Amino acid sequence: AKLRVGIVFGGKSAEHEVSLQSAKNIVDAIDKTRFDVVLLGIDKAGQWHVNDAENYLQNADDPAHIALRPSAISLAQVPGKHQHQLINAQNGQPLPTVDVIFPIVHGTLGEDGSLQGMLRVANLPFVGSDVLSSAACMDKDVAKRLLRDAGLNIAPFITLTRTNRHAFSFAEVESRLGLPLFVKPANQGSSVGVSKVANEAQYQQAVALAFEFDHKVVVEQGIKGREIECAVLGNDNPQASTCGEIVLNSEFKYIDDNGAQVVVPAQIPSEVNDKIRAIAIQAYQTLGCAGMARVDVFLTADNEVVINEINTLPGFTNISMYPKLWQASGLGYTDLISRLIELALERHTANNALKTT
Amino acid sequence: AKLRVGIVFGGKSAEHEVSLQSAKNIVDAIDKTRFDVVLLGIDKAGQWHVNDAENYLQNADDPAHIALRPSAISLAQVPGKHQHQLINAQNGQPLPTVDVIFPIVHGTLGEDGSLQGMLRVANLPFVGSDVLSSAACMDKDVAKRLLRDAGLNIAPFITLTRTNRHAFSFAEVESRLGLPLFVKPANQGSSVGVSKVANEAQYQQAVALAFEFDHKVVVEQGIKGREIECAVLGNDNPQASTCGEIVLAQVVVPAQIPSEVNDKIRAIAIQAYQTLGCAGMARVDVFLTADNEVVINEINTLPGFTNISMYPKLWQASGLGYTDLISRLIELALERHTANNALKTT
Ligand SMILES: Nc1ncnc2c1ncn2[C@@H]1O[C@H](COP(=O)(O)OP(=O)(O)O)[C@@H](O)[C@H]1O
Ligand SMILES: Nc1ncnc2c1ncn2[C@@H]1O[C@H](COP(=O)(O)OP(=O)(O)O)[C@@H](O)[C@H]1O
Ligand SMILES: [Mg+2]
Ligand SMILES: [Mg+2]
């Protein structure tokens with residue numbers, strides 16, 4: 001009568017350590033009365049394990065050194081099964097059935113649709129956005145094209161590929177987008193490969209760097225404003241939390257938000273707050289998100305709202321923006337976790353009922 | 001020692017039998033001197049198996065009744081491993097490692113990014129388009145919005161969700177899009193759940209029907225023109241085959257059109273291919289209007305692959321034989337895997 005909730009955390013990605021911290025806080029917050037938790041830790045090599053709750057983290061208190069305890073047992077997943085989809089990879093021994101997955105592996109694989117495809121194949125219900133949406137929110141070029149097509153405000157930009165890379169002189173790009181410019185790989189996290197550009201030397205350097213991480217590089221016009229974030233929750237009826245502010249400076253990744261200044265709620269007028277909330281929901285809908293997402297925007301001096309990013313699996317530590325925003329909007333961590341689980345099971349039921357032939 | 005090619009086929013999809021046929025044809029033609037095939041058949045319940053090439057199909061010679069021979073071994077995948085990713089799901093025994101996967105599961109799961117996601121995590125090189133592109137080409141709504149954003153022509157359309165489906169009345173849709181209309185689930189294959197609509201009754205029926213297959217429904221203006229198809233092959237510098245036509249049941253190859261039109265459609269196929277980030281292959285289907293306007297109807301990332309299907313026929317009629325097409329697709333998968341592996345993570 002209690003649902004087994006498999007929390008999937010860690011991962012190959014550079015956000016591994018932040019993922020450990022999100023997981024730790026969910027394990028602590030989650031309502032024991034309704035849910036038994038199973039710890040599904042992914043090591044830095046990308047292999048899955050079942051961890052013991054008492055000793056699964058080493059140096060849990062210290063972000064720089066925190067690590068996932070090594071485990072004897074590796075997991076495999078069995079396509080098309082509806083029970084016991086997760087097994088011991090060494091000997092085929094089945095784990096007890098997991099009723100729902102809570103993925104909290106930030107960035108690569110976890111946030112880009114790959115994990116979601118795997119879970120879809122294993123008929124595992126899961127929290128958060130599905131394959132198309134996660135893949136699309138992770139490719140900044142694709143997400144911006146969809147946002148643009150929906151009539152929503154985004155930074156003016158161009159996308160460089162391996163084959164159109166040199167068709168653009170730095171002069172051409174400056175005449176298109178003015179200065180400064182930000183240059184970034186299309187698929188990335190946590191500001192890596194991201195550079196501010198004020199001249200031609202910087203631009204050329206910036207592009208070669210970003211092309212080390214992706215086959216597509218986004219170059220976009222610099223936007224002046226406050227960075228405001230908003231937490232969206234739901235499937236068919238998305239609800240927007242109050243907004244929060246993040247302050248990033250130019251002076252300087254195992255800490256969520258890279259240890260930047262975070263204030264909740266954003267010290268902005270409620271009318272602007274509501275305008276950003278409504279826009280965050282349109283963004284959510286345009287990108288086909290499910291379960292939750294965090295929408296990050298720029299607020300200019302004249303209160304124009306420019307969408308910067310949509311994150312489908314945001315930091316979920318006890319002090320991360322996404323949970324804090326809901327806590328400030330009347331929804332506590334525990335109830336948030338439960339709401340996300342409930343939404344995941346409803347969406348699973350909806351998908352399951354669809355005809356195949 | 002030859003590259004082991006894992007052919008993934010069948011699947012829990014309406015197009016199951018088609019897939020079975022596509023794989024039979026691939027197995028039959030693949031260059032046995034370069035490649036060892038391993039047959040990764042997926043039954044209709046969606047469970048994977050290893051099949052034997054000498055006896056894996058029942059009624060193989062009969063287009064209806066053709067089915068996958070039941071197998072003892074079911075299969076599991078081990079995330080994170082770079083070798084022996086596929087194991088006996090009962091006892092953990094690994095299969096010898098497969099060097100490349102040729103997915104040919106049409107439609108749901110196989111063609112919509114799910115399978116690709118699984119393969120990406122398993123570090124298995126694979127033929128055809130990757131996670132986002134496969135997912136985006138499968139969702140007609142997303143594919144159309146991307147094509148429109150690129151400045152390419154699509155059928156004017158509205159997209160219905162469970163929350164808005166009752167907002168638009170037949171009369172309002174009609175003023176917007178004219179008649180007749182085509183109503184389609186956003187994510188489906190080969191005309192499943194697709195209806196032509198000429199009046200209100202048909203409309204409500206069609207819409208209710210599409211909503212049994214997907215949570216999004218596309219309603220489009222009917223386009224008047226010839227149905228032309230074009231095969232696209234490659235990654236970074238894709239080539240377009242000559243065009244083929246579908247006639248009132250009859251497949252005509254090459255399509256009887258002026259060379260300028262052939263080349264105009266070809267260049268548009270390629271733009272659509274790039275816009276949607278397709279890799280390895282796709283078939284682009286268009287309407288060619290009476291005034292030579294080209295309207296993109298769809299992009300198939302895993303098109304039917306029988307030696308008689310359109311995609312392989314367009315290549316044959318362009319000078320590229322079926323065995324050789326298969327080999328080039330495998331090479332392309334490997335080239336892309338290697339290029340992806342050279343991207344830095346830090
Ligand atoms: N167009 C822009 N205008 C102003 N600042 C930008 C722009 N693009 C990026 N930045 C700055 O760089 C930071 C990281 O960029 P972002 O696109 O969010 O990449 P990531 O996905 O790595 O977080 C932003 O939070 C913002 O401060
Ligand atoms: N908008 C349209 N205008 C004219 N004919 C259409 C339109 N949409 C579909 N058709 C006809 O219906 C057929 C099936 O529709 P299609 O979208 O190709 O289904 P699927 O994508 O599942 O193959 C098309 O090949 C074409 O003959
Ligand atoms: Mg960001
Ligand atoms: Mg078609």
# chains A, B, ... in the order shown; residues from 1 in each chain; ligands from 1
call {"tool": "residues_near_ligand", "arguments": {"ligand": "ligand 1", "cutoff": "7 Å", "atoms": "only C-alpha atoms and all ligand atoms", "output": "compact mmCIF listing (two decimals) with N, CA and C atoms, in the first residue's frame"}}
result
# COMPACT_ATOMS: atom_id res chain seq x y z
N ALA A 155 16.23 36.58 -26.93
CA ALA A 155 17.36 37.33 -27.41
C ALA A 155 17.58 37.03 -28.89
N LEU A 181 27.93 40.34 -27.09
CA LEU A 181 27.34 39.11 -27.58
C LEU A 181 27.67 38.03 -26.57
N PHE A 182 26.79 37.06 -26.42
CA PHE A 182 27.12 35.86 -25.68
C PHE A 182 27.18 34.70 -26.65
N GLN A 188 24.27 22.43 -23.41
CA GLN A 188 25.21 22.50 -22.30
C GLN A 188 24.52 22.92 -21.02
N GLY A 189 25.25 22.87 -19.91
CA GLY A 189 24.72 23.30 -18.64
C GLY A 189 25.70 24.12 -17.81
N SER A 190 25.15 24.92 -16.91
CA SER A 190 25.92 25.61 -15.88
C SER A 190 26.91 26.63 -16.39
N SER A 191 26.65 27.19 -17.57
CA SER A 191 27.43 28.31 -18.08
C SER A 191 28.76 27.92 -18.71
N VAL A 192 29.08 26.63 -18.75
CA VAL A 192 30.33 26.19 -19.36
C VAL A 192 30.31 26.40 -20.87
N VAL A 194 30.27 29.10 -22.13
CA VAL A 194 29.58 30.37 -22.36
C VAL A 194 30.56 31.54 -22.23
N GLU A 220 24.21 35.06 -29.41
CA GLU A 220 23.03 35.90 -29.18
C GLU A 220 23.36 37.27 -28.64
N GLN A 221 22.48 38.20 -28.96
CA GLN A 221 22.55 39.57 -28.48
C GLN A 221 22.47 39.67 -26.95
N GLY A 222 23.33 40.50 -26.37
CA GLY A 222 23.36 40.70 -24.93
C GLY A 222 22.13 41.45 -24.48
N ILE A 223 21.50 40.95 -23.41
CA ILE A 223 20.30 41.56 -22.87
C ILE A 223 20.62 42.19 -21.52
N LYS A 224 20.24 43.44 -21.32
CA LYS A 224 20.48 44.10 -20.05
C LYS A 224 19.23 43.99 -19.19
N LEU A 248 24.00 37.10 -10.86
CA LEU A 248 25.25 36.52 -11.34
C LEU A 248 26.16 37.64 -11.71
N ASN A 308 15.15 33.35 -21.30
CA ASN A 308 16.54 32.95 -21.48
C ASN A 308 16.65 31.44 -21.54
N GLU A 309 16.06 30.76 -20.57
CA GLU A 309 16.23 29.31 -20.49
C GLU A 309 15.03 28.61 -19.86
call {"tool": "residues_near_ligand", "arguments": {"ligand": "ligand 3", "cutoff": "12 Å", "atoms": "only C-alpha atoms and all ligand atoms", "output": "PDB file with C-alpha atoms, in the first residue's frame"}}
result
ATOM      1  CA  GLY A 107      22.252  17.945 -17.513  1.00  0.00           C
ATOM      2  CA  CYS A 137      14.666  22.411 -23.763  1.00  0.00           C
ATOM      3  CA  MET A 138      18.274  21.151 -23.690  1.00  0.00           C
ATOM      4  CA  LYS A 140      19.022  26.090 -26.874  1.00  0.00           C
ATOM      5  CA  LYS A 184      27.482  29.251 -26.102  1.00  0.00           C
ATOM      6  CA  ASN A 187      23.493  21.790 -25.619  1.00  0.00           C
ATOM      7  CA  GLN A 188      25.209  22.503 -22.300  1.00  0.00           C
ATOM      8  CA  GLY A 189      24.725  23.302 -18.638  1.00  0.00           C
ATOM      9  CA  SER A 190      25.916  25.606 -15.880  1.00  0.00           C
ATOM     10  CA  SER A 191      27.430  28.309 -18.076  1.00  0.00           C
ATOM     11  CA  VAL A 192      30.335  26.190 -19.359  1.00  0.00           C
ATOM     12  CA  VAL A 194      29.576  30.371 -22.364  1.00  0.00           C
ATOM     13  CA  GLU A 227      17.488  37.671 -13.971  1.00  0.00           C
ATOM     14  CA  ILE A 228      14.153  36.423 -12.715  1.00  0.00           C
ATOM     15  CA  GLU A 229      13.088  32.778 -12.406  1.00  0.00           C
ATOM     16  CA  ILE A 246      19.266  35.430  -9.180  1.00  0.00           C
ATOM     17  CA  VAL A 247      22.301  37.693  -9.262  1.00  0.00           C
ATOM     18  CA  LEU A 248      25.250  36.523 -11.343  1.00  0.00           C
ATOM     19  CA  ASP A 256      23.660  24.659  -7.231  1.00  0.00           C
ATOM     20  CA  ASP A 257      23.291  27.856  -9.242  1.00  0.00           C
ATOM     21  CA  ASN A 258      27.060  28.073  -8.915  1.00  0.00           C
ATOM     22  CA  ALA A 260      25.129  32.840  -6.887  1.00  0.00           C
ATOM     23  CA  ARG A 294      11.964  26.390 -14.168  1.00  0.00           C
ATOM     24  CA  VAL A 295      11.754  29.273 -16.578  1.00  0.00           C
ATOM     25  CA  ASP A 296      14.547  31.878 -16.374  1.00  0.00           C
ATOM     26  CA  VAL A 297      14.014  35.313 -17.937  1.00  0.00           C
ATOM     27  CA  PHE A 298      15.633  38.704 -18.185  1.00  0.00           C
ATOM     28  CA  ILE A 307      13.054  34.293 -22.042  1.00  0.00           C
ATOM     29  CA  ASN A 308      16.535  32.952 -21.475  1.00  0.00           C
ATOM     30  CA  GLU A 309      16.228  29.312 -20.490  1.00  0.00           C
ATOM     31  CA  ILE A 310      13.848  26.524 -19.553  1.00  0.00           C
ATOM     32  CA  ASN A 311      15.149  23.799 -17.255  1.00  0.00           C
ATOM     33  CA  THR A 312      13.145  20.569 -16.994  1.00  0.00           C
ATOM     34  CA  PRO A 314      16.159  22.056 -11.953  1.00  0.00           C
ATOM     35  CA  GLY A 315      18.247  21.909  -8.770  1.00  0.00           C
TER      36      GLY A 315
END
call {"tool": "atom_distance", "arguments": {"atom1": "atom CA of residue 302 of chain B", "atom2": "atom CA of residue 106 of chain B"}}
result
6.1 Å
call {"tool": "interface_residues", "arguments": {"of": "chain A", "to": "chain B", "cutoff": "6 Å", "atoms": "only C-alpha atoms", "output": "PyMOL selection string"}}
result
chain A and resi 46-47+76-80+89-92+114+117-118+132+135+149+212-213+354-355+357
call {"tool": "residues_around", "arguments": {"residues": "residue 300 of chain A", "least_positions_apart": "3", "cutoff": "9 Å", "atoms": "only C-alpha atoms", "output": "PyMOL selection string"}}
result
chain A and resi 223-226+303-306
call {"tool": "residues_around", "arguments": {"residues": "residue 245 of chain B", "least_positions_apart": "3", "cutoff": "12 Å", "atoms": "only C-alpha atoms", "output": "number ranges by chain"}}
result
B: 225-231, 242, 248-257, 262, 265, 284-288, 310-311, 313-314
call {"tool": "residues_around", "arguments": {"residues": "residue 270 of chain B", "least_positions_apart": "2", "cutoff": "8 Å", "atoms": "only C-alpha atoms", "output": "CSV table (one decimal) with N, CA and C atoms, in the first residue's frame"}}
result
chain,number,residue,atom,x,y,z
B,232,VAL,N,16.7,11.5,-48.6
B,232,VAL,CA,17.9,12.2,-48.2
B,232,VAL,C,18.8,11.3,-47.5
B,238,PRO,N,24.4,16.3,-46.7
B,238,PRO,CA,23.4,15.3,-47.2
B,238,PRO,C,23.2,15.4,-48.6
B,239,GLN,N,22.9,14.3,-49.3
B,239,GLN,CA,22.6,14.2,-50.7
B,239,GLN,C,21.1,13.9,-50.8
B,240,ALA,N,20.5,14.5,-51.9
B,240,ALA,CA,19.1,14.2,-52.2
B,240,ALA,C,19.0,13.3,-53.4
B,266,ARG,N,14.3,18.7,-54.4
B,266,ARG,CA,15.5,18.2,-53.8
B,266,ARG,C,16.1,19.2,-52.8
B,267,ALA,N,16.3,20.4,-53.2
B,267,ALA,CA,16.9,21.4,-52.4
B,267,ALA,C,16.1,21.7,-51.1
B,268,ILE,N,14.8,21.7,-51.3
B,268,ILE,CA,13.9,21.8,-50.1
B,268,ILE,C,13.9,20.6,-49.1
B,272,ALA,N,14.8,21.0,-45.2
B,272,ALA,CA,13.9,20.4,-44.2
B,272,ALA,C,14.7,19.5,-43.3
B,273,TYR,N,15.6,18.7,-43.9
B,273,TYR,CA,16.5,17.8,-43.2
B,273,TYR,C,17.4,18.5,-42.2
B,274,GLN,N,18.0,19.6,-42.6
B,274,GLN,CA,18.9,20.4,-41.8
B,274,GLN,C,18.1,21.1,-40.7
call {"tool": "residues_near_ligand", "arguments": {"ligand": "ligand 2", "cutoff": "9 Å", "atoms": "only C-alpha atoms and all ligand atoms", "output": "PDB file with N, CA and C atoms, in the first residue's frame"}}
result
ATOM      1  N   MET B 138       8.745  13.124 -35.472  1.00  0.00           N
ATOM      2  CA  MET B 138       7.565  12.316 -35.209  1.00  0.00           C
ATOM      3  C   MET B 138       6.377  13.188 -34.786  1.00  0.00           C
ATOM      4  N   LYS B 140       4.210  15.891 -35.512  1.00  0.00           N
ATOM      5  CA  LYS B 140       3.868  16.709 -36.665  1.00  0.00           C
ATOM      6  C   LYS B 140       3.713  18.164 -36.267  1.00  0.00           C
ATOM      7  N   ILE B 154       4.397  24.840 -45.190  1.00  0.00           N
ATOM      8  CA  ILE B 154       3.625  23.757 -44.592  1.00  0.00           C
ATOM      9  C   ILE B 154       2.124  24.030 -44.762  1.00  0.00           C
ATOM     10  N   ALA B 155       1.314  23.001 -44.606  1.00  0.00           N
ATOM     11  CA  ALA B 155      -0.119  23.227 -44.650  1.00  0.00           C
ATOM     12  C   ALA B 155      -0.516  24.069 -43.441  1.00  0.00           C
ATOM     13  N   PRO B 156      -1.162  25.221 -43.672  1.00  0.00           N
ATOM     14  CA  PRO B 156      -1.762  25.993 -42.573  1.00  0.00           C
ATOM     15  C   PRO B 156      -2.552  25.069 -41.609  1.00  0.00           C
ATOM     16  N   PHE B 157      -2.421  25.308 -40.311  1.00  0.00           N
ATOM     17  CA  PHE B 157      -2.938  24.349 -39.353  1.00  0.00           C
ATOM     18  C   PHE B 157      -3.271  24.933 -37.987  1.00  0.00           C
ATOM     19  N   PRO B 180     -11.488  20.873 -48.021  1.00  0.00           N
ATOM     20  CA  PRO B 180     -11.609  19.918 -46.914  1.00  0.00           C
ATOM     21  C   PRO B 180     -10.456  20.052 -45.921  1.00  0.00           C
ATOM     22  N   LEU B 181     -10.558  19.354 -44.797  1.00  0.00           N
ATOM     23  CA  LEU B 181      -9.544  19.402 -43.754  1.00  0.00           C
ATOM     24  C   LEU B 181      -8.966  18.013 -43.589  1.00  0.00           C
ATOM     25  N   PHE B 182      -7.744  17.925 -43.062  1.00  0.00           N
ATOM     26  CA  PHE B 182      -7.225  16.637 -42.619  1.00  0.00           C
ATOM     27  C   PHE B 182      -6.956  16.733 -41.126  1.00  0.00           C
ATOM     28  N   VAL B 183      -7.445  15.742 -40.383  1.00  0.00           N
ATOM     29  CA  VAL B 183      -7.284  15.678 -38.932  1.00  0.00           C
ATOM     30  C   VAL B 183      -6.384  14.487 -38.617  1.00  0.00           C
ATOM     31  N   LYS B 184      -5.297  14.722 -37.880  1.00  0.00           N
ATOM     32  CA  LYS B 184      -4.291  13.692 -37.583  1.00  0.00           C
ATOM     33  C   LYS B 184      -3.875  13.763 -36.120  1.00  0.00           C
ATOM     34  N   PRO B 185      -3.624  12.610 -35.492  1.00  0.00           N
ATOM     35  CA  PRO B 185      -2.933  12.682 -34.197  1.00  0.00           C
ATOM     36  C   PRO B 185      -1.534  13.279 -34.442  1.00  0.00           C
ATOM     37  N   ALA B 186      -0.956  14.012 -33.501  1.00  0.00           N
ATOM     38  CA  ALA B 186       0.354  14.608 -33.790  1.00  0.00           C
ATOM     39  C   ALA B 186       1.434  13.551 -33.963  1.00  0.00           C
ATOM     40  N   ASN B 187       1.373  12.512 -33.137  1.00  0.00           N
ATOM     41  CA  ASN B 187       2.381  11.457 -33.120  1.00  0.00           C
ATOM     42  C   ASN B 187       1.728  10.158 -33.494  1.00  0.00           C
ATOM     43  N   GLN B 188       1.905   9.750 -34.743  1.00  0.00           N
ATOM     44  CA  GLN B 188       1.461   8.452 -35.240  1.00  0.00           C
ATOM     45  C   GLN B 188       2.093   8.189 -36.598  1.00  0.00           C
ATOM     46  N   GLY B 189       2.010   6.961 -37.077  1.00  0.00           N
ATOM     47  CA  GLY B 189       2.630   6.633 -38.344  1.00  0.00           C
ATOM     48  C   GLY B 189       1.687   6.062 -39.377  1.00  0.00           C
ATOM     49  N   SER B 190       2.019   6.287 -40.640  1.00  0.00           N
ATOM     50  CA  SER B 190       1.353   5.636 -41.756  1.00  0.00           C
ATOM     51  C   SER B 190      -0.157   5.812 -41.788  1.00  0.00           C
ATOM     52  N   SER B 191      -0.626   7.013 -41.486  1.00  0.00           N
ATOM     53  CA  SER B 191      -2.027   7.338 -41.684  1.00  0.00           C
ATOM     54  C   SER B 191      -2.961   6.793 -40.614  1.00  0.00           C
ATOM     55  N   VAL B 192      -2.409   6.310 -39.513  1.00  0.00           N
ATOM     56  CA  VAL B 192      -3.263   5.846 -38.439  1.00  0.00           C
ATOM     57  C   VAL B 192      -3.940   7.043 -37.789  1.00  0.00           C
ATOM     58  N   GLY B 193      -5.258   6.972 -37.658  1.00  0.00           N
ATOM     59  CA  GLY B 193      -6.022   8.015 -37.010  1.00  0.00           C
ATOM     60  C   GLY B 193      -6.182   9.253 -37.861  1.00  0.00           C
ATOM     61  N   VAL B 194      -5.819   9.151 -39.130  1.00  0.00           N
ATOM     62  CA  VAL B 194      -5.928  10.287 -40.038  1.00  0.00           C
ATOM     63  C   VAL B 194      -7.275  10.233 -40.749  1.00  0.00           C
ATOM     64  N   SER B 195      -7.985  11.360 -40.790  1.00  0.00           N
ATOM     65  CA  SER B 195      -9.273  11.442 -41.490  1.00  0.00           C
ATOM     66  C   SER B 195      -9.344  12.680 -42.356  1.00  0.00           C
ATOM     67  N   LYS B 196      -9.958  12.533 -43.529  1.00  0.00           N
ATOM     68  CA  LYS B 196     -10.344  13.665 -44.353  1.00  0.00           C
ATOM     69  C   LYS B 196     -11.719  14.152 -43.925  1.00  0.00           C
ATOM     70  N   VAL B 219      -5.024  19.699 -37.067  1.00  0.00           N
ATOM     71  CA  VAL B 219      -6.072  19.894 -38.043  1.00  0.00           C
ATOM     72  C   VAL B 219      -5.497  20.809 -39.129  1.00  0.00           C
ATOM     73  N   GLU B 220      -5.450  20.330 -40.373  1.00  0.00           N
ATOM     74  CA  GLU B 220      -4.793  21.070 -41.464  1.00  0.00           C
ATOM     75  C   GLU B 220      -5.664  21.341 -42.653  1.00  0.00           C
ATOM     76  N   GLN B 221      -5.315  22.401 -43.358  1.00  0.00           N
ATOM     77  CA  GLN B 221      -5.961  22.695 -44.608  1.00  0.00           C
ATOM     78  C   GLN B 221      -5.561  21.646 -45.641  1.00  0.00           C
ATOM     79  N   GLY B 222      -6.531  21.172 -46.411  1.00  0.00           N
ATOM     80  CA  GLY B 222      -6.219  20.222 -47.460  1.00  0.00           C
ATOM     81  C   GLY B 222      -5.414  20.930 -48.528  1.00  0.00           C
ATOM     82  N   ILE B 223      -4.316  20.324 -48.957  1.00  0.00           N
ATOM     83  CA  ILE B 223      -3.471  20.920 -49.994  1.00  0.00           C
ATOM     84  C   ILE B 223      -3.803  20.210 -51.306  1.00  0.00           C
ATOM     85  N   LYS B 224      -3.945  20.961 -52.399  1.00  0.00           N
ATOM     86  CA  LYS B 224      -4.176  20.356 -53.719  1.00  0.00           C
ATOM     87  C   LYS B 224      -2.873  20.270 -54.491  1.00  0.00           C
ATOM     88  N   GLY B 225      -2.421  19.058 -54.787  1.00  0.00           N
ATOM     89  CA  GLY B 225      -1.247  18.896 -55.630  1.00  0.00           C
ATOM     90  C   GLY B 225      -0.781  17.462 -55.774  1.00  0.00           C
ATOM     91  N   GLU B 227       1.678  14.284 -55.008  1.00  0.00           N
ATOM     92  CA  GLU B 227       2.451  13.806 -53.874  1.00  0.00           C
ATOM     93  C   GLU B 227       3.786  13.250 -54.310  1.00  0.00           C
ATOM     94  N   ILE B 246       3.654   9.421 -56.027  1.00  0.00           N
ATOM     95  CA  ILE B 246       2.572   8.506 -55.681  1.00  0.00           C
ATOM     96  C   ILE B 246       1.301   8.911 -56.442  1.00  0.00           C
ATOM     97  N   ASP B 285       8.332  13.924 -47.722  1.00  0.00           N
ATOM     98  CA  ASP B 285       7.127  13.907 -48.557  1.00  0.00           C
ATOM     99  C   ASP B 285       6.505  15.302 -48.669  1.00  0.00           C
ATOM    100  N   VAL B 286       6.244  15.712 -49.918  1.00  0.00           N
ATOM    101  CA  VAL B 286       5.719  17.038 -50.225  1.00  0.00           C
ATOM    102  C   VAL B 286       4.512  17.031 -51.164  1.00  0.00           C
ATOM    103  N   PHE B 287       3.792  18.148 -51.195  1.00  0.00           N
ATOM    104  CA  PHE B 287       2.765  18.355 -52.200  1.00  0.00           C
ATOM    105  C   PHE B 287       3.345  19.322 -53.194  1.00  0.00           C
ATOM    106  N   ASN B 297       4.768  17.982 -46.318  1.00  0.00           N
ATOM    107  CA  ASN B 297       3.776  17.250 -45.554  1.00  0.00           C
ATOM    108  C   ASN B 297       4.404  16.521 -44.352  1.00  0.00           C
ATOM    109  N   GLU B 298       5.478  15.766 -44.580  1.00  0.00           N
ATOM    110  CA  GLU B 298       6.161  15.149 -43.451  1.00  0.00           C
ATOM    111  C   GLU B 298       7.609  14.739 -43.698  1.00  0.00           C
ATOM    112  N   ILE B 299       8.298  14.430 -42.606  1.00  0.00           N
ATOM    113  CA  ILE B 299       9.675  13.953 -42.642  1.00  0.00           C
ATOM    114  C   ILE B 299       9.739  12.666 -41.847  1.00  0.00           C
ATOM    115  N   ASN B 300      10.087  11.567 -42.516  1.00  0.00           N
ATOM    116  CA  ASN B 300      10.143  10.233 -41.915  1.00  0.00           C
ATOM    117  C   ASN B 300      11.608   9.864 -41.636  1.00  0.00           C
TER     118      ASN B 300
END
call {"tool": "atom_distance", "arguments": {"atom1": "atom CA of residue 113 of chain A", "atom2": "atom CA of residue 51 of chain A"}}
result
24.1 Å
call {"tool": "select_by_dssp", "arguments": {"residues": "segment 159-291 of chain B", "states": "strand (DSSP E)", "output": "ChimeraX atom specification"}}
result
/B:159-161,181-185,195-197,216-221,226-234,239-240,244-247,250-252,280-288
call {"tool": "closest_residue", "arguments": {"among": "A:352, A:317, A:329, A:205", "to": "residue 27 of chain A", "atoms": "only C-alpha atoms"}}
result
A:317
call {"tool": "atom_distance", "arguments": {"atom1": "atom CA of residue 86 of chain A", "atom2": "atom CA of residue 32 of chain A"}}
result
22.5 Å
